[PDB]
Amino acid sequence: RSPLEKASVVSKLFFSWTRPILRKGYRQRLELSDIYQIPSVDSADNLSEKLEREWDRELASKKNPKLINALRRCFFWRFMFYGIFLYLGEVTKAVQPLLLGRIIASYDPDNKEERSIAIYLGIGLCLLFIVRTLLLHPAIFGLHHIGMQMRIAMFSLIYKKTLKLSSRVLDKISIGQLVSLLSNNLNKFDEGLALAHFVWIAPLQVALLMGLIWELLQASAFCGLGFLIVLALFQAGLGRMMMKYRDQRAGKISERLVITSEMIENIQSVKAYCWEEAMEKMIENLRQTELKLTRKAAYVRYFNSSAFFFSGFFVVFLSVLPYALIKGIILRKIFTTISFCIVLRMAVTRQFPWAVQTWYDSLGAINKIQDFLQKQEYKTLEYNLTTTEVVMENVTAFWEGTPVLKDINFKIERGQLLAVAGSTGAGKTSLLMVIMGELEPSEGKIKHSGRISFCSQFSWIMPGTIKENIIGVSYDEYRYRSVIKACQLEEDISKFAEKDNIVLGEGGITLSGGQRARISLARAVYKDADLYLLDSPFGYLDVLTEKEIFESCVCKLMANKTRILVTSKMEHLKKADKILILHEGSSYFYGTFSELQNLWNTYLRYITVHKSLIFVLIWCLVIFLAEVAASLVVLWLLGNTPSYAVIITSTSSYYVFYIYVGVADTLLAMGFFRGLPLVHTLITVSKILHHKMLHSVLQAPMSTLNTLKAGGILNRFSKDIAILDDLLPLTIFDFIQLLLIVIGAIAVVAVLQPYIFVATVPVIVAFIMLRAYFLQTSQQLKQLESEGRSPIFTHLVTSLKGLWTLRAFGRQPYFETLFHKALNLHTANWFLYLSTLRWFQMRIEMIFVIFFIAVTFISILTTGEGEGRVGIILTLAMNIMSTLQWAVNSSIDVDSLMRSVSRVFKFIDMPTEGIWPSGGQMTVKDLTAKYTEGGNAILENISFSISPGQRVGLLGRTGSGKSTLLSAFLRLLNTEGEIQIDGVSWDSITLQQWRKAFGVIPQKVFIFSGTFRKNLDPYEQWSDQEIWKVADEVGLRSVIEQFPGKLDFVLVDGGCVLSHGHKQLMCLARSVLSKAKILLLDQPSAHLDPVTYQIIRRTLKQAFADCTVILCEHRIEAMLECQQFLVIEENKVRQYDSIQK
Ligand SMILES: Cc1nn(C)cc1S(=O)(=O)NC(=O)c1ccc(-n2ccc(OCC(C)(C)C(F)(F)F)n2)nc1N1C[C@@H](C)CC1(C)C
Ligand SMILES: Nc1ncnc2c1ncn2[C@@H]1O[C@H](COP(=O)(O)OP(=O)(O)OP(=O)(O)O)[C@@H](O)[C@H]1O
Ligand SMILES: Nc1ncnc2c1ncn2[C@@H]1O[C@H](COP(=O)(O)OP(=O)(O)OP(=O)(O)O)[C@@H](O)[C@H]1O
Ligand SMILES: CC(C)CCC[C@@H](C)[C@H]1CC[C@H]2[C@@H]3CC=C4C[C@@H](O)CC[C@]4(C)[C@H]3CC[C@]12C
Ligand SMILES: [Mg+2]
Ligand SMILES: [Mg+2]
């Protein structure tokens, strides 16, 4: 099936099997209908199985486990098999000046030997071109193919280890680091392997060339060699400098990215707090520090790169001078030694340093992967046969100076229900950890059963269909329909737009809090297990639905299976068989309930965004014309000037033009007065574009941001911005340098002889018409290839949030299969892109060769009795086109990189956003709310009024629009209608003033990784003594003094150290500093303890005594301080009065 394997030998050599896609993609848009199936050789299954079979031996049979050893047991003898052909193709390039140099000398009538035999040289030279064409490109493509296999084999091997990481390893560092570990060699590995052989080929080339140069310059060859040794040492020193600055700034990039992710995820809170300006400055300082090291690395890379161009004269003159002074040198050997040194400079100044740097990076990546592969593993050994009767006795455990649980025991017969209770932080969840084997007890003795179904408190939602999130692997209509219509999903499912096949994102951002709880609960009960562990599923569910689910699912469906339920509700305990209460990590009570009572134009915009890049580009052009003007006059002065060191004859004067073209690269090289300004100015363009994009995202309508993918926002700040910092500044410089040399060399030799320009027209046009044909298909495949990587990273992310559920039930093989399917999709697009690019770069050389054979035979045949003007003109023209072929291939990379610039620009063009509070009486009239444009209408024609200072209760069934109303107050979503506060209409004042009057307290409090004082007020409006004054009422004094630093402690990881109640207090104090008037609470009482619960009770009655509060609760017992009640149901709001109803 795979066209590569079905291809014949002759077609496979020329890459002819890429013909169908090039024609198909030239006249229409491509899709996943003609993307060819991947070859069987590089499927993820075959590569991973082979490599792991060699690696596991290396860590068990040999003394020292090294990944590099196992890698060479799989890919070494195929690596060397392509190295010999790569070497033989380079040797062919070194011996060309012998055949070509004699042909050029054959135009001189003063020669006899070359005239006698030129046809034989022409035939041999033609064969030399054909052999080299068909010897390099297959070898380079082979090395790319092996580099792809290494990348796939290691990524699949990494994922398998990730599924086995111990629980204690995950809690230190993961997810954010793990994804970054895979994004450093996504394309640098395969493409950065074809030049690893030049570490030994280049020394073999220098020895060969130095022997050939010894024939010309008897003993002065070494004088030029010593200059190249110094250049090699000089370039090597820059390598240590580049790596030092690269690895020194690695920690700054991670610091920016992790903070940027926090801002993106909680963007809805950032808008509500009116914190747009503060966050822009916070990132701005981080960019300013990073940019200092970025420029240093770019200056070092400039001097390392600009050594090939600035050595084309100092290596020739230094070796020709001693010989010319001792004895008179003729022009023919001056051109010949120039031709040899062109290859000599490329090998030692451009190929060898690149090869060495690659080995530093290839070995560094393998050692980084090697260390990760040997972390502590999750223990899979567990009891198999126990008759499904879990028992514990004298069990102790630690999460590290205090035991988490001590001497806890129970005994559950099959079909019983155990109710676990306690307080916040008592270890309810940690008790379930030991039962799954996630936390091996230090000195305990516990019995494990078979498959165990775990329902974590954290809601897990994975990409795909709603039913696909429930059924798992096997489907069953009768079972599915019963589970769906037992968890009260009947109504909500057949509501949205598409019944049940709705496609969800990672984490289910578009779903209600309680709807996600039911889906996670429904998945746990669907699958058959020996025992079920329900870790507090009723957190988000209101009382009315809580009873219905408890009576129809927990007590009805699984009435005859052992089940452990964690719950604090008093009524749920009496319906259980045995109860276990944890006081503080220790069993205070154990027993039954009965005994409990007693106890294009993109390029134009990229350049002019700075308005300073214009002047630098003009400066480079003006100097370029000055050097060209000098080159013209000096060649014209030598054109009429009348034995010296240089023996020049009338019949051999044409060598002047050949010599100039051979050294034109040096004469037109950009020095440090032009290169450094250009590199500096291109970098600050990236800084400018980042600022506009970061400014645009924080000031965009929420509806626009919801239409995009989950992780897509961060990907532009992670990949696209990073490309503008490293790849574009140097790739553009290299492209401009090559193009400028070609224009300069072709404009000076053509004015004296107005025929070279004409003879070189066909070559230029052929390279251009081929480029326009290939780019149509190449760009389309690149877009498909780049988009194919997001599903791969999403699978890795979602398989970590639900990792504890995976290992409990034993579904690792299923997720390994899913990960392999994601890789094969990315491999299919990448392989086709790599093959068509090889097709283009092979045909571009084949067009050059066919013109060379045409020129060579004409030049030899046209040469008559003397001279021959056609031979001189044509042969010189083809020497100019050698650089153009290089320049055309360099332009492909620039076009590929400008796709990233276009993606940056479209984010900037997003649309923008659209004592005054006397009493706080708002009036709502005809309010319609919708999350997305044209999706639905959650609330329709809402009308109600609030008395100033009243406490308004808010109730309703989960998934009705309870939280949509609170967001519509801030118009954080597309709304129509009029909401007036004390007579001031919804659109009489700017949006900034409107949002400042609301003290919203979300379910997830936004706390970024920064100083304690910075979180309270990023704008730095209030002094210490004013902050302490506010903390006196909210009870934050003792909370903050626990830490070593007062107002100076550095919170990390979302404030992980702070408990849920402590973050509620911090959010409450934040609204007091800004002096809010209308509060918006949203289900704070999920798992709160009375220690902090009573603090909010006082503050809403002491500081906000006269301020309106919208208490959003799920039970009437807590709502004993409200007068007015709002009830949401069937897209309607209806106000009420005192409890008598
Ligand atoms: C058709 C077709 N369309 N597509 C998309 C693929 C195919 S193809 O693969 O069938 N053929 C071509 O791709 C193809 C094959 C060979 C050549 N050659 C040009 C000089 C040359 O040298 C011959 C010589 C004997 C000297 C030696 F070989 F030694 F160099 N050969 N040119 C080819 N092309 C036809 C156009 C599509 C583009 C272009 C000009 C590059
Ligand atoms: N992964 C972990 N690493 C370190 N300490 C942990 C970890 N998980 C829990 N702990 C600690 O163990 C103790 C008990 O954890 P916790 O989940 O287990 O109890 P809980 O009663 O279930 O809490 P809650 O009802 O609020 O979820 C606490 O001191 C907590 O900080
Ligand atoms: N970001 C969103 N984009 C689109 N639709 C959404 C989004 N968030 C919620 N919805 C939809 O709005 C409806 C109600 O959402 P939800 O916040 O509003 O109800 P709720 O009563 O506040 O939830 P709960 O009581 O469980 O916390 C549901 O149909 C849900 O799918
Ligand atoms: C092993 C690899 C690197 C190839 C071989 C390298 C050495 C042995 C080769 C490369 C070029 C060769 C030289 C090329 C030209 C001449 C001039 C001739 O009048 C005497 C031999 C002499 C001086 C050759 C001696 C051997 C030589 C120096
Ligand atoms: Mg818990
Ligand atoms: Mg809600």
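S.K.: Which residues make up the overall build of the protein chain, and what values go with them?
M.R.: Looking only at helices and strands, one finds 43 helices and 23 strands in the protein chain. Taken over the C-alpha atoms alone, the protein chain extends approximately 125 × 75 × 55 Å along its principal axes.

S.K.: With reference to specific residues and values, describe the sheet that holds strand β16 (residues 939-945).
M.R.: What the three strands build is an open sheet, ordered β16-β15-β18; its pairing is antiparallel. Lying at the two open borders of the sheet, with one neighbouring strand each, are β16 and β18 (975-981). On average, each strand axis in the sheet is tilted by 5° relative to the strand beside it, whichever way the strands run. Relative to β16, strand β15 (residues 922-929) runs antiparallel, the two being bridged by five bridges.

S.K.: Quick rundown of the sheet that holds strand β10 (residues 531-535)? Include the residues and the values.
M.R.: In space, the six strands of this open sheet follow the order β7-β10-β11-β5-β12-β13, with mixed pairing throughout. Edge positions in the open sheet fall to β7 (452-455) and β13 (587-591), since each of these has one partner strand only. Sheet twist, expressed as the mean angle between neighbouring strand axes with direction ignored, is 10°. Looking at chain direction, β10 and strand β11 (residues 563-566) are connected through four bridges and run parallel. Bridging from a neighbouring strand, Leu534 pairs with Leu565 of β11. Contacts from helix α18 (residues 428-435) reach β5 (417-421), β7, β10, β11 and β12 (578-582) within the one sheet, and its direction differs from that of β10 by about 155°.

S.K.: Explain the site of ligand 2 to me, using residue names and the numbers behind them.
M.R.: Residues in contact with ligand 2, as listed here, are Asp171, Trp399, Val404, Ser423, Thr424, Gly425, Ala426, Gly427, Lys428, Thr429, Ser430 and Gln457. Note that an oxygen atom of ligand 2 is positioned 3.1 Å from one of the backbone N or O atoms of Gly427. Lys428 is positioned such that a nitrogen or oxygen atom in its backbone is 3.1 Å from an oxygen atom of ligand 2. Computed on the free molecule, ligand 2 has an accessible area of 620 Å², of which 61% lies beneath the protein chains in the complex.

S.K.: Any details on the site of ligand 4? Residues and values, ideally.
M.R.: By nearness alone, every residue bordering ligand 4 is listed as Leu204, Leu208, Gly211 and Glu215. Starting from 600 Å² of accessible surface for ligand 4 in isolation, the protein chains cover 37%.

S.K.: Summarise helix α43 (residues 1090-1102); cite the residues concerned and give the values.
M.R.: The end-to-end C-alpha distance of α43 is 19 Å, a good match for the 18 Å that 13 residues give at a rise of 1.5 Å each. Taken together, the buried positions of α43 are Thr1092, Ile1095, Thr1099 and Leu1100. Buried positions in α43, seen along its axis, are confined to an arc of 125° and lie on one side of it. Structural note: α43 exposes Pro1090, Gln1094 and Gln1102 on the side pointing more than 90 degrees away from its buried face. Contacts made by the buried residues of α43 are with β17 (951-956), α40 (1024-1034), α42 (1060-1074), β20 (1078-1081) and β21 (1108-1112).

S.K.: Provide a residue-level description of the nonpolar core, including the pertinent values.
M.R.: If you look at the biggest cluster of nonpolar residues, it comprises 151 residues, and the most contacted ones within it are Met154, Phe767 and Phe840. The dominant element in this core, judged by the number of residues it contributes, is helix α35 (residues 812-862), at 21 residues. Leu678, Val1039, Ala1069 and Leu1079 belong to the second-largest nonpolar core, a separate cluster that totals 80 residues.

S.K.: Now, about the packing of aromatic side chains: what can you tell me, with residues and values included?
M.R.: Counted under the stated rule, the structure contains 38 aromatic pairs. On the numbers, 5.0 Å between centres and 85° between planes, the contact of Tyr302 with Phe303 is edge-to-face. Judged by its relative accessible area of 2%, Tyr302 falls in the buried class. Seen in terms of ring centroids, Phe672 and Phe673 are 4.6 Å apart; in terms of plane orientation they differ by 35°. Their pairing is tilted. Owing to a relative accessible area of 62%, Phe673 belongs among the exposed residues under this scheme. Taken together, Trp916, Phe944, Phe969, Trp994 and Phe998 form an aromatic cluster joined through their ring pairs. The cationic tip of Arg345 hangs over the ring face of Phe308; the distance from NZ or CZ to the ring centre is 4.8 Å.

S.K.: If you had to explain the environment of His137 to someone new, which residues and values would you point to?
M.R.: For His137, the position within the fold is in helix α8 (residues 119-162). Relative accessible area serves as the criterion here: at 7%, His137 is assigned to the buried category. For the pair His137 and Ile369, spaced 232 residues apart in sequence, the C-alpha to C-alpha distance is 31 Å. Apart from residues no more than four positions distant in its own chain, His137 is found in contact with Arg838, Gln841, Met842 and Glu845. Within the structure, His137 has its side chain in polar contact with the side chain of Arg838 (distance 3.3 Å).

S.K.: Any details on a nonpolar patch on the surface? Residues and values, ideally.
M.R.: A cluster of nonpolar residues, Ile68, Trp77, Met80, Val199, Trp200, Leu204, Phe352, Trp359 and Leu363, forms a patch on the protein surface that exposes about 820 Å² of accessible area. The set of elements that each furnish at least two residues to the nonpolar patch consists of α5 (67-94), α11 (198-216) and α17 (331-372). With respect to the secondary-structure elements, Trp77 resides in helix α5. Take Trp77: its relative accessible area is 70%, and that puts it in the exposed class.

S.K.: Could you give me a rundown of the pattern of salt bridges, with the residues and numbers involved?
M.R.: Applying the stated criterion across every chain yields a total of 45 salt bridges. Measuring nitrogen to oxygen at the nearest pair gives 2.8 Å for the salt bridge that ties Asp492 to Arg518. Of this pair, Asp492 sits in helix α21 (residues 490-493) while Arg518 is found in helix α22 (residues 513-526), placing the two residues 26 residues apart along the sequence. Here the two residues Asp492 and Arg518 agree in accessibility, since each one is buried. Ionic pairing is found between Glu551 and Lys547, a salt bridge with its closest N-O pair at 4.0 Å. Of this pair, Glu551 and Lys547 both sit in helix α23 (residues 543-554), four residues apart, which is roughly one turn of that helix.

S.K.: Describe the environment of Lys906, naming the residues involved and giving the relevant values.
M.R.: With respect to the helices, strands and loops of the structure, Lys906 is situated in helix α36 (residues 869-908). With relative accessibility at 47%, the residue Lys906 sits in the partly exposed group. Placed 213 residues apart in sequence, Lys906 and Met693 show a C-alpha to C-alpha distance of 9.0 Å.

S.K.: Pulling in residues and values, what's your account of unusual backbone geometry?
M.R.: For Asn941, which is not a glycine, the phi torsion comes out positive at approximately 55°. Residue placement: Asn941 occurs in strand β16. With phi around 45°, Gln1083 is a residue other than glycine that occupies positive phi space. Under the relative-accessibility criterion, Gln1083 is labelled buried at 14%.

S.K.: Talk me through the side chain of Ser2; I want residue IDs and the actual numbers.
M.R.: Residue placement: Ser2 occurs in the segment before α1 (3-6). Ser2 sits in the buried class, given a relative accessible area of 5%. When neighbours within four sequence positions are excluded, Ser2 is seen to be in contact with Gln37, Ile38 and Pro39.

S.K.: Please give an account of the packing of helix α12 (residues 221-248) against helix α15 (residues 276-305) that cites residues and values.
M.R.: Two elements in contact, α12 and α15, have axes whose closest approach is 9 Å; the angle formed by their N-to-C orientations is 160°. Between α12 and α15, the angle falls in the class roughly antiparallel. As for the relative orientation of α12 and α15, their crossing is left-handed in sense. The residues of α15 that touch α12, namely those facing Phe234, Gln235, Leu238, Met241, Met242, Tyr245 and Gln248, are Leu293, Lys296, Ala297, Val300, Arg301, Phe303 and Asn304. Of the residues that constitute the contact of α12 with α15, the class distribution is nine nonpolar, three polar and two charged.

S.K.: A description of the environment of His144 should follow, citing residues and the corresponding values.
M.R.: Mapping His144 onto the fold places it in helix α8. In this structure the C-alpha to C-alpha distance between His144 and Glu191, which are 47 residues apart in sequence, comes to 5.7 Å. Apart from residues lying up to four places away in sequence, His144 is in contact with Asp190, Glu191, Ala194, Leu834 and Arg838. A distance of 3.2 Å separates a polar atom in the side chain of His144 from the backbone oxygen of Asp190.

Calculation rules
Residues numbered from 1 in each chain as written, not as in the entry; some residues may be left out. Chains lettered and ligands numbered in written order. Heavy atoms only, no water. Residues with missing side-chain atoms left out of burial classes, pairs and counts. Helix = DSSP H or I, 4+ residues; strand = E, 2+ residues; numbered from the N terminus. Pairing = 2+ DSSP bridges. Axes fitted to C-alpha atoms, helices over the stretch in contact; angles between N-to-C directions. Contact = heavy atoms within 4.5 Å. Near = heavy atom within 4 Å. Polar contact = N/O pair within 3.5 Å; in protein donor to acceptor, adjacent residues only side chain to side chain. Areas by Shrake-Rupley, 256 points an atom, 1.4 Å probe, with all protein chains shown as cover. Expected span 1.5 Å × (residues − 1). Buried < 20%, exposed > 50% of the residue type's maximum accessible area, 1.4 Å probe, protein only. Arc of directions from axis to C-beta. Core = buried A, V, L, I, M, F, W, Y, C linked by side-chain atoms within 4.5 Å. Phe/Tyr/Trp six-rings, centres within 6.5 Å; stacked < 30°, edge-to-face > 60°. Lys NZ or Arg CZ within 6 Å of the ring centre and 35° of its normal. Patch = residues over 30% accessible without salt bridge, like charges linked within 9 Å, V, L, I, M, F, W, Y side chains within 5 Å. Salt bridge = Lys/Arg side-chain N within 4 Å of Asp/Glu carboxyl O. Parallel < 35°, antiparallel > 145°, perpendicular 65-115°, else oblique. Left-handed = near helix turned anticlockwise from the far one by under 90°. Nonpolar A, V, L, I, M, F, W, Y, C, P; charged D, E, K, R; others polar.

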